[PDB]
């Protein structure tokens, strides 16, 4: 299968036609996505198979072929880019200044950008092109608009 670093769509043929259920990041031979996209199932890449290696429902993250490799963090001050990969549409960079999710266990960056559910797992990047988290786990605020956490895993 294709192991080149970059952003990938996660597809299924179980439903009508070929449906995009999410997106993920290939980095250092490991595939990174949100748990709710795959539910921890195995994936195919051409004729090859990617087996889950680590996952956590509460973090809503999963890695395949190896441990979670992404460790960059939002600096709390600068604009970032969502590299949105919407279903049936070309990858497109959207620049934004994150907001904050304040929780009892600390603050997390959040991006107020609304894309189809199938865009979950799209990477959020800093100005050096490093992945600071994945888009797709968030909340629906008063006005009905979507705000995603910038979800990042731990590099063991």
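Numbering follows the first chain given and starts at 1.
The PDB entry reports B-factors from which the mean C-alpha value can be compared for 97-105 and 36-44; the larger average falls on 97-105. Stretch comparison (19-27 versus 134-142) by mean CA B-factor in the PDB entry places 134-142 on top.
Per the deposited record, the Cα B-factor of residue 114 falls in the highest third when ranked against the other modelled residues of its chain. Split the chain's modelled residues into thirds by C-alpha temperature factor. Residue 128 is in the highest one.
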